[PDB]
């Protein structure tokens, strides 16, 4: 077993009670060791709710009916040690992610150390005028600044997209379009933290 598999098997139920400990360790038993070939499984949990799993040696992606998507991976803290990065994304009513960090023994770490959430202005197009009619009309709709994160399956990188634009009324979208960009921002894990690329 790889390190992610080890951590997943020993994750306390209370840390992520999507399935019971026994359901989890029985799922993994039927899976056998996690490899480069993603293993798909689905379960109706005794806890309530259907859960699907993608189990790979380098990432686990879970879909739930309650908390949304949970995506987790190991990231190198040094060349000898690791931390667990878990990205949990509600998909409705508007896609919005939380990034959590843990030690490999499931001790919670303060996220600020590894990740700084971008401001909505980071998603602005060039030459944005903060006194423009368009900006002033949309300003109050820019917050809550929902953002959806996708951590890569295969490199130590992530992309984050603002999901404010989809929240706007149809008559607002043309005003927002002059300054609010749908292009995702990319970050790379470099020496124990995410850095904007």
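Numbering follows the first chain given and starts at 1.
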With B-factors read from the PDB entry, the higher C-alpha mean of 5-13 and 170-178 is in 170-178
With B-factors read from the PDB entry, the higher C-alpha mean of 19-27 and 181-189 is in 19-27
One of 47, 142, 149, 67 has the largest Cα B-factor in the entry, namely 47
The largest CA temperature factor among 88, 117, 104, 80 is found at 80
Tertile call for residue 76 (CA temperature factor, within chain, third-based) is the lowest
Chain-relative C-alpha B factor for residue 112 (record values, thirds): the highest
Tertile call for residue 42 (CA temperature factor, within chain, third-based) is the highest
Here the Cα B-factor of residue 84, set against its chain, lands in the third termed lowest
Quick tally, chain-level thirds of C-alpha B-factors: residue 61 sits in the lowest
